[PDB]
Structure formats: structure tokens, C-alpha cells
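Take a look at the structure set out below.
There are 6 protein chains.
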Amino acid sequence: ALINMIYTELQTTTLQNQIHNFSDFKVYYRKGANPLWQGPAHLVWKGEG
Amino acid sequence: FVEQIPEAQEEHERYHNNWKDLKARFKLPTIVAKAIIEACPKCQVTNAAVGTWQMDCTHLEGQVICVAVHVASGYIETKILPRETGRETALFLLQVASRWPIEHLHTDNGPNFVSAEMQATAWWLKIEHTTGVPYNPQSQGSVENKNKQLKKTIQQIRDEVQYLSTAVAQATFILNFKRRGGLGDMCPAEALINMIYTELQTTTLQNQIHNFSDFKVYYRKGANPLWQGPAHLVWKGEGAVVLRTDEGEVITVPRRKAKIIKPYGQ
Amino acid sequence: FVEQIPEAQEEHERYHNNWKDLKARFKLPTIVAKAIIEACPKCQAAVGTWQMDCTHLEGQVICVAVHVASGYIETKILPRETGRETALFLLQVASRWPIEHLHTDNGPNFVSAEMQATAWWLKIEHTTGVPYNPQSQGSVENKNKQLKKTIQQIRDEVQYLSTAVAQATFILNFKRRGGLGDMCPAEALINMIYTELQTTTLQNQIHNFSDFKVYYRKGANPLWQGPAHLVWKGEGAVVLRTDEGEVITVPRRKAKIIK
Amino acid sequence: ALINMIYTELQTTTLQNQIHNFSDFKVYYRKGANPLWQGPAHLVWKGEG
Amino acid sequence: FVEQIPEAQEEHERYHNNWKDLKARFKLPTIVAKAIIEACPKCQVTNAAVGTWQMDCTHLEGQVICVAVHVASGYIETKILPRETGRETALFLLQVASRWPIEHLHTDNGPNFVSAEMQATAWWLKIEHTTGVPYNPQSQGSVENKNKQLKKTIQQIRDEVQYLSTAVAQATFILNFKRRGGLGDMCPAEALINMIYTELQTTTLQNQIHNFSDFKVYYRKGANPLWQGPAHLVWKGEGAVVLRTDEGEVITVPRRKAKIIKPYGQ
Amino acid sequence: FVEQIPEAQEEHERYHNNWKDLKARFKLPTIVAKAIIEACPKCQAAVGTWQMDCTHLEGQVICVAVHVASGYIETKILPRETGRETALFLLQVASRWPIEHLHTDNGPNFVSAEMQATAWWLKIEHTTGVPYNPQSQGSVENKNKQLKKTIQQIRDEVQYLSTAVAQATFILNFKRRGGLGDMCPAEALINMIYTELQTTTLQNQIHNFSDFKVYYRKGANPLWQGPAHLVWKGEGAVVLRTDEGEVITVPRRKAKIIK
RNA sequence: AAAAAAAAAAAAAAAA
RNA sequence: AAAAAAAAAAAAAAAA
RNA sequence: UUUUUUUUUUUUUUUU
RNA sequence: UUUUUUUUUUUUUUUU
Ligand SMILES: [Zn+2]
Ligand SMILES: [Zn+2]
Ligand SMILES: [Zn+2]
Ligand SMILES: [Zn+2]
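Protein chains in written order, with PDB author numbering: chain F, 199 to 247; chain G, 1 to 45, 54 to 274; chain H, 1 to 44, 56 to 270; chain B, 199 to 247; chain C, 1 to 45, 54 to 274; chain D, 1 to 44, 56 to 270.
Structure representation (C-alpha cells):
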């Protein structure tokens, strides 16, 4: 179990660092109470909610 | 920048660069670079797909030189064929395809470019072998210019090198790495590497998504000590992780309450 | 990297890292890493490291050059095990990918004058014998074993040995995926080359700092201190090292440089 | 002349510091090449150009 | 917060505050503050304009107490009138108007609130003296509540104070500064100061604009060494100044190239 | 104000400023300024400072209280020059505006027991004699002269002296504008009171830090250092002073507090 | 779709 | 109104 | 595990 | 005063 956790941590870190400057479907978001739009930012997951 | 004047000259003794490369490397003004270029007695002054290559053959000193030229960037590769036959051309195509991704080959209608060996080799790699006049004359002009420049570099270099193959290899090195090009001020090899890396962005994203679709995460929500899961992993951060449960909800869990496991099964 | 210069130095105080590791972890220029490693009295896998070795199969000599950091391989059937043929192979390899370091065993062909002349012409650091890097001591042997293993799977439906060698090299380079990233050797090599190209474009090299002397105002002391050697001249700040061995970044307004 | 310059510097500093958190006609602006709107910011001067 | 329990009690010995003030000052919870308030034997548990004031008179121990109450905030002022007459009321109105801005006075229809002295005093200060039932009953209710609270505080304090005037002054101080109010949890004096400061924002802006319309600035544009101007000043910054020339252009000039002068003439 | 604590200290090393000046310039809390001045071996205009004085006119005594920092004045006709009347006037003044410091000459009425009792009841730091502040030594005399000057312009069209005094006070407070800002005394006083109220609301006072001991980790030394007195406890960082006399702000993660 | 009020959930900082 | 190219003006940083 | 400050979400009610 | 990097403005031309 310990070996599995260490290996999966290493693999997740490597895979996340593999893609850092490119994505698809750049989007704009509104953060907090500020009505001003912000971005563009990379899209990680698009969901119904 | 006068202190760089001697050393740069020494470089022009070994690699016969152009003024653009010297200016970009030693941060020299254009006028002095052109003067340095002219001081040497042996010196004067497309939008195809990523996987498009052309092939050609030339005769020099009773030897056959086969040249494969990238169309978009200008990267070239040269070989000394023993005898002009379909087998040698097929072997050279196989050797070239074992180093760079080839998806479309253009060539003339010569006798050795139509033999059964050529067809078998092109079918093994699953590439489109086109014979005839290219659709865009710009590619043909660029290939002819590359061949002429290669011949000029052989003429410049052969005096210092005893054997033809070594001179051809040195000329290929000089053309690929020393002399710069047009837009972007990049060497042909650098441009080819940049284009290939840019083309390989979607596949890595798809592979990352497919791999992330495998990890499982067990999370603790609120003050309830009982663990929950398993759930699909969406992203793992330094402070907190973002998960997508089987019901479609998106949940942010602190790092101290999430455990990520990749099972040996499946 | 104003806040990175001290902390990185602290690392060299504890674990005694190398300058290459310092560049890899802290994204620092080579000059500041060299200054840091030279400051310490105790001290006195890259993108351009290759390893070349020969092998025999069916009475034919095959020379293989392997990139240690990615696993990319290149093979050539040498007519004879002579210095000229191996030097020509090295020249051909150097004309495609950037080579900055070559390592090979102590064989007679790798010691001949042709290899030395080619290495001098290409400006390549060539070493022989025991590898200085603790790791990568058996990557080439494993690659040779793998190539020999995959050659047999295709030798049946193939006439000439050269075609089989080319097919095996193509399959090894492109049709097999590794671990810890899931990338074939060609993709990993291209990614590493692209990253190194971006870093070197940012660096622009061409330092020639020589032994320029620097007087600096440290803390609230108004009197000039030093003199200290110049390490890095930047528009926003200058990085210097003192005779004691401390690396300090100071703003330009409190730094007087004498040639 | 020196006394006049010193006095006018002091008066400008004091008058500017008097008003620092209120104004009229808050405006939105676009800075540089970024098309995203920004603000709101206090209006100091409105002109034709 | 038990260490604050004794000291706070000592405060309630001198100033008879309420639980809100003790909670806001000593950061005590509501329950313990209410307990402290109940422990004392002598203790139990509008949108008008900024310049709106009301006046009233009360009789206590054979003395006349005149009370002026702010409507919006609840700030009060008290005086001991020697004899109930129009002259004394006019003098008290003048004294109140010499400390705070008064723009509208609401009073009753009494005999001493209609004498010629009151009319002359209200005309001198240019204020609107309204006599009769106020339009909003909330203001009248608040004034009556303030008067009742003043009477209660005077009754609480009189045991420890010899003379009536000192007791009235102490009660006024306690009402104005000690006991807190409603929205915002502020004392009446703090609320009045905040409202007055908020109301005085446009006038300061206009005065600043008028004063800035006087300074002159001489500026140097580009590499031309000849000075230029004079021009109107728009803003002065730590790094650069922004000027508006007579032709309407807006120019940013570095501080080293601008000289600001305010002439003695005009 | 992490970066403001050292620099401000440097000021006290050079010009030996006061803690009030430190608060005015660096916007620092009173406790840290007191710690800074106490740490120096050499060392051992506000919103609530008033000055009260009496005068005579037409056989009537007029008492005037002046705010030194703005010029706001308040006048009252005292029936007699007794201690009780002046104490009542001070109590009335203190019930309208916040008073934290009262200064007056050495007159017999200002020394009587009634004034002391009133000052004790109101918790006012009452001082007499030579003013400790170098300036403001003649503001009250100038204000008295100005009041006597302006009362004559209105005494003609007025019957009773009290009405003239009230009108003169109103004219001086509201109908005359000063210099260096162009603000009448009432506006300046209100602005100063508002700014002080905002600052005190931000401060919230209630420190009671006592003599709690603090062990701190400074620089890269792993061993505990101290013990040092506690100056300010903040969520993000803690400000402490050492026995040597150095004020340092450290993050909470490297601070251990013993009561 | 925006504002206000009441209730519920999670996270960060702080004291124990 | 947006993109690209050529020319002109100002400011900041750096060397002299 | 308990309590304060801040931030991000869900439900109900009152208006536009 | 001269030369490089970056930023902010004005004019002309080619398309949408
Ligand atoms: Zn040449
Ligand atoms: Zn070391
Ligand atoms: Zn009580
Ligand atoms: Zn001192």
C-alpha cells in the first residue's frame, strides 16, 4: 500500500507537470462578488453543476 | 563588441556560417557581420503539413547522393547510395522514417522510385507515396534551392576533407545547425523540433485524461470520520484536490482528508 | 530569482548538491550555479549526453548510440570495426541531434586519432572508461539486449539484415511506450530538447564577465565594501560573490563596477 | 522663488491628500492590449481627447 | 475574558453604561454583560436631514432644563435656563448653532418659542424655524425617548453629585459617549461626526478644484531645451505630473521636467 | 507593516523621533512604537489636546478652551473666577468633544480641588505650568486676541455681551478659513476626529500582553533563541523585542509563547 | 436575472 | 469597429 | 474536539 | 548627449 501511494503520487505529479501551458476551450470566469470578467483560463473539467 | 570580432572570425574558419547566424549568436551589427562574410574568399552574400517530406537524387564525382528534405522547415538528411536501385531508396526511406514522423512523401517519377521495394516500404510504414509534379511549385523550388545550397557547401568544404562522405556529413551539419533561416530567425532543426512539439499537444492531453481516468481517491467530508468513495480524480493540487463523484458532483477536499490509490487490478 | 539565490545556496550547505541539480531544481543560470559551487571550500541525464557501443550479430558489426536520459537509440551497420567508420557514424549522429557529451568504453576504435579529430572538430567533450555519473552504467547494455530481442521477432519475414535492423529501431523508438509519464523515447527526447531550447533562448549566454571588481553597499552601512568578483550583471539587480564565499544579490544603485 | 516653490509643493501635497477615498463619476477603463474591462476608478479629469 | 470581569465592573461604578457598550468595549459575551447590567441595583434591561434639530424644555426640581436633540443620530445638548423667556431660548439656540451646523429647527408652539428674540436669532443664522406638530411622528417619539432617558440618567446620577448642573452635565456625557445605539453599534457622537464628515465630501472636492485652478506649471517637452507654458495643473504625482494645456491637450511630464509656481499676483 | 518595522526603527536611531511621530508617519500601533522607544537606551498636536485660559472684558470673566491642532474655540461667561465654575465648564466641554489632555497656566482656580476631582472623574491627564510640547506655547493668547478683535466689530449692533460673545465664536469657528488646506476650524476638527476614530476602530486596543515570554527561531539557526518580551500578537506574525534591544517580526510557526 | 433578510454546508487564519 | 504592414512621438530599464 | 475573524456554496421569504 | 530591451500614443496603406 505504501509503495502504491508513493508511485501514484509521483505519477500524478509528473502527468500534471507534463501539461502546463496548453489546453482546449479557454473560458472566462467571475470570481467572488466582483462582476468584472476575468481570464482567459485553461479548462480542466466542464460539468452540469 | 570588438572583443567578439576575433573569436567569431575563428568560427568562420571552421563552420562557414552566414551573417544572420553570426549576428544572432555574437550579438554583432549587420554591417560588420556582412563585412566578415565578404572577407571570406569562399563566401558571397511554404505552409505544408508537419509530416510532408520530399526525396531527390544527385550525381557528384561518380557517386549517388540521396537527399530527403522537410518541406515546412528545411531540415535535410543526406546519404551516399552505393548503386541507384529501388532497394537502396527503400532502405533510406526506412532509415529516415525511423527517426522522424513521416506521413506524406513526394518524389519524381524515376525508375528507382517506383520499384516494388519502394511500394512495400511505403506500405509497411502506412504513408501516402505520391509520384509526379507537386501541387505547390514552392515546395519544388525550395527543394531545388536546398540541393543547390548543399552542392555549394560540398564545394566549399571538400578542400579541407579527404573523403567525400565526411564532407557530405559536415555540409549536412552546417546546413542543419549553423546557417539560420527566415521567419523567426531559427535554424532548420530548431524549427522542425518546435513544429513537432506544437503538433504533439492534443495527444499528450488525451493520454493524460485517459491515465487520470484510472486513479481512485478516498475522501472524508465534513466532520464525519467514516471514509467515503471510491471517486474519480479530476485534479490534484498542493493544498486541496478536486474530485468528481459517480453522481456528477464536484467536491474539493483538503489534502489531509484525501488518499489516492491506483489499484493493481482491472 | 531574487529569493531563490539564498535558499538554493542553503541546499549546497546541507546536502552538497551539484550545479546541474541546482539548475534543474531552482531554474538558475549556469554562471550563478558555478559561482555557488566554487564558493564552497569543500567542492572544487542532461539533454546532450550520449553513449555509443558496438555489438556483433550474424558476422556483422552494429554500432548503437543511445541517449541515456530518454532511451532514444540510433543504429548503423559498420562494414568494419575501424576508427574511420565509427568517427563517420558519430559525425552523422551529431548532424541530426545536439551532442554535448559522448561516453564510450576503452575499445581500440574509440581511442584512434580519427575519433579525437572528429571530437575536436565538433567541439564535443569525449570521455572514456568508468562513467563519472553513478547511474547510466548499464543503459546501453539493456538497450542492446532489447534490440537483439526485437530483431528476432521480425527476422523471419525479412530478407536483408539492414532492413530488419531499421525496422527494429523504428519499433523501439516509436511503437513502444515507457513508464512514469507514458511517453515513447522520441516524444520524451523532443520534449527535453524543446525545454532546453526555451531555457537557452531565455539565457542568451554570452557573459564574458571576466574579473570585473564590484564595490557594494550591504545593509545600512554607507561605506563601500569588498572588493568582490562580478557573477551576473542584470538590469534590475547584480549577483556577486565575495572573497569569503557569500553570494549576494544587490540592486544596481548600490553597486560600483571597476573593470 | 524658492519659498514659492516650497510652499506650492506643500500645498499641492496637502490638497491631494485631503481627498483620497471619494470622487464623482466612477469610470471603467481598459489598460494596454487586454480587452477586459477594469475598475471602477475615481475620475480626475474628463476631456474630449 | 474573566480577567476583564473586575475592571469592567469598576467602570459601571462610575459610568452607568448598557450591555451593548460593555460588550463592544471589553469584548464580553452578551449573557455576562446582561448579568453585569442586572447586578446593578440602579439599572434595568429616522432618516431626517443632517441639519435637523429639535428643541424642548422640561421642569425638574424647580429648574428649567432646555434640551436640543439631533434627530438623525440622537446627540443631545442640555442647558439650565435661569428664567423661561424668549431671550434665554434665543441665546441657547445661538450657542448650539456656534458648535454644530444647524439648518432646520423643529419646536413646539409655546410662548417663549415664538417671541421676537427667537425670530431674530433664527433670521441671523438663516435657518427655517418650524413650529407645530412634526411631519414624522418618529422624530417626536425619539425626542420624547431621549428626554425620558435623560431624566432617568439624572435620577441615577444625582445621588453621587451635589449640585444639579454637575449632575445634568454628567448625564449628558454618559448619554452622548457611554451608551451605544442601534445600527452600526456607534455612540451618538460618533454617528453625528460620521454623518457630518460624509455630508462634507462634495464641498472639499469643489474647493480643491478651485484651488488647483490657480497653480501654474512650466514643462519641457521632448529634447527641446526651451521651456514651455504656462499651463493649467490637473494632477501632481510622485513620478510624473499630468497637465492640461490651454489648447485642451493632456500631457504627462516627468517630475524632473516640470516646475510648479503659484504667483503672488492675480 | 512587516517592512515598516525595521525602517521606522532606523529613524529612531538617527533623529531620535517620538512614538507619536512614529505613529503619524508609519501608521504603526501605539504598543510597537512604545516598545521601539523603550528599546533605545538613550530614551527613557494630537486629536485630544486642549488648552484653557481666562480673560477679562467689561468687568466680565470669559473662559476660552482652544483645540491647539485645529484652532476650534469654545467660550463661556463665568459669573465668578472660582474653581467650581471652571470645573463645570471643563465638564461641559468634555461632554461634547473627546478630551484626552488638558493644559492650563498655574492660576489659583486651576489648582483647586474641584478641578482635580473633575479631571480624576473624567480620566484626563491634566498638566500645568510650562508646556512640554515646544510649540503651541502662544496659540491661546493669539486666539484670545483674535476674539477680542472680532467682538468689537459686532458689539455695536448687539445689546447683551453674551450674544456678542456667541456671535463672535460662531464667526471665528465657521465663517473664517485658514491656510495650508483652506479649511475652517470646525471642518479640520471633524476630519481629524473622523481619522482618529477610523484608526482606533482598526486598532481595537485591548492588548493586555503582560510579560509573556517568547522563544523565536531567527534566520536558519534551529536552536531556540531568547527569551524575549512579547510586544504584539498578530494572526499572520508576531512582533517581539529582545533583551538586547532589537525589535523583530517573526511568523507564528517559529514562535513559542510561555505565559 | 439583480437587491435585502432567515436557515444550512464547506474552506482558510487564530486560541485551547 | 477588428487584424496586418510602413513611418512618426513620448515614457521606463540598461551601457557610455 | 470546542470557540472567534474572513472567504466560498445550498434552501426559504420580501421587492424590482 | 549617443546606442539596445520594454511600454504607451499619432499618421498612411491592405483586408474583414
Ligand atoms: Zn566563408
Ligand atoms: Zn560544497
Ligand atoms: Zn448601573
Ligand atoms: Zn532614542
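Here a beta-carbon is modelled for each residue, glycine too, at the ideal position from N, C-alpha and C.
Item: Please list, in chain order, the residues of the region 226–247 of chain F that have any C-beta partner in chain H closer than 7 Å.; Value: none
Item: List, in order along the chain, the chain F residues whose C-beta lies closer than 8 Å to that of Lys270 of chain G?; Value: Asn202, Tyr205, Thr206 and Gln209
Item: Can you name, in chain order, every residue of its own chain whose Cβ lies under 7 Å from the Cβ of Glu69 of chain G, other than the five neighbours on each side?; Value: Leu172
Item: Please confirm whether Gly192 of chain H has its beta-carbon closer than 8 Å to some beta-carbon of chain F.; Value: yes
Item: Can you give me the start and stop residues for the beta strand (DSSP E) that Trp61 of chain D sits inside?; Value: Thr60 to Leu68
Item: Check this for me: beta carbons of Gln62 of chain C and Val176 of chain C, under 8 Å apart or not?; Value: no
Item: Considering only residues of the same chain and omitting the five flanking positions on each side of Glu207 of chain G, which have a CB-CB separation below 6 Å?; Value: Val58
Item: Alpha carbon to alpha carbon, what distance is there between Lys270 of chain C and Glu111 of chain D?; Value: 39 Å
Item: For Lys20 of chain C and chain D, any beta-carbon pair shorter than 8 Å?; Value: no
Item: Taking the beta carbon of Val45 of chain G as the centre, do at least 16 other beta carbons fall within 10 Å, making it buried, or is it exposed?; Value: exposed
Item: Is the number of C-beta pairs between the region 30–42 of chain H and the region 235–249 of chain H that are closer than 8 Å three or more?; Value: yes
Item: Using 8 Å as the limit for Cβ to Cβ distance, is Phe220 of chain C near chain B?; Value: yes
Item: Tell me whether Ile5 of chain G is buried or exposed, calling it buried when 16 or more other Cβ atoms sit within 10 Å of its Cβ.; Value: exposed
Item: Considering only C-alpha positions, which residue in the set D:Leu28, D:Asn17, D:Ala24 and D:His12 is nearest to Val250 of chain D?; Value: D:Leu28
Item: Which one or two residues does DSSP pair with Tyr226 of chain H in a beta bridge?; Value: H:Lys267
Item: Would you mind working out which of H:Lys87, H:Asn144 and H:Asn219 sits nearest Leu113 of chain H, comparing C-alpha positions?; Value: H:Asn144
Item: Among H:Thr66, H:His16 and H:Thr211, which one has its Cα closest to the Cα of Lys156 of chain H?; Value: H:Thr66
Item: Buried or exposed: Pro196 of chain C, going by 16 or more other Cβ atoms within 10 Å of its Cβ?; Value: buried
Item: Would you say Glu255 of chain C reaches chain D, if we count a Cβ-Cβ gap shorter than 8 Å as a contact?; Value: no
Item: Would you report the Cα separation of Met194 of chain C and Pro90 of chain D, rounded to the nearest angstrom?; Value: 37 Å
Item: Along chain H, in chain order, which residues have C-beta atoms closer than 9 Å to that of residue 296 of chain G?; Value: Given that chain G is displayed from residue 1 to residue 274, the structure contains no residue 296 of chain G and the question cannot be resolved.
Item: May I have all residues whose beta carbon comes closer than 6 Å to any heavy atom of ligand 1, sorted in chain order?; Value: G:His12, G:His16, G:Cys40, G:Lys42 and G:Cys43
Item: What are the uninterrupted segments assigned as beta strand (DSSP E) that are 3 or more residues long and contained completely in the region 187–251 of chain H, given in chain order?; Value: 224–227 and 236–244
Item: Skipping 5 residues on each side, what residues in its chain have a beta carbon closer than 8 Å to that of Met126 of chain G?; Value: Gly94, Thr97, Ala98, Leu101, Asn120 and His137
Item: Work out the CA separation of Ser106 of chain G and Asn184 of chain H for me, nearest whole Å.; Value: 7 Å
Item: Would you please verify whether the beta carbon of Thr212 of chain C is less than 8 Å from any beta carbon of chain B?; Value: yes
Item: So what does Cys74 of chain C bridge to, in DSSP terms?; Value: C:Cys65 and C:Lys87
Item: Take every Cβ of the region 15–25 of chain D, pair it with every Cβ of the region 249–263 of chain C, and state whether three or more of those distances are shorter than 8 Å.; Value: no
Item: In the DSSP assignment, what residue or residues form a beta bridge with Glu125 of chain D?; Value: Partner(s): none; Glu125 of chain D has no beta bridge.
Item: Return no unless some Cβ of chain D is closer than 8 Å to the Cβ of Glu198 of chain C.; Value: yes
Item: Reducing DSSP to helix, strand and coil, say where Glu92 of chain C ends up.; Value: coil
Item: Can you pull the chain H neighbours of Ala177 of chain G, defined as C-beta to C-beta under 8 Å?; Value: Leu99, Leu102, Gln103 and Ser106
Item: In three-state terms, what does DSSP make of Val2 of chain G?; Value: coil
Item: What is the C-beta distance between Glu92 of chain D and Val104 of chain D, in whole angstroms, given that I count them as a contact (C-beta under 8 Å)?; Value: No, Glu92 of chain D and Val104 of chain D are not in contact; Cβ-Cβ is about 17 Å, not under 8 Å.
Item: Pick out whichever of G:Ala56, G:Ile204, G:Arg188 and G:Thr260 has its Cα sitting closest to the Cα of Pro109 of chain G.; Value: G:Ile204
Item: Could you please give me the residues that DSSP links to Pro262 of chain G through a beta bridge?; Value: G:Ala248
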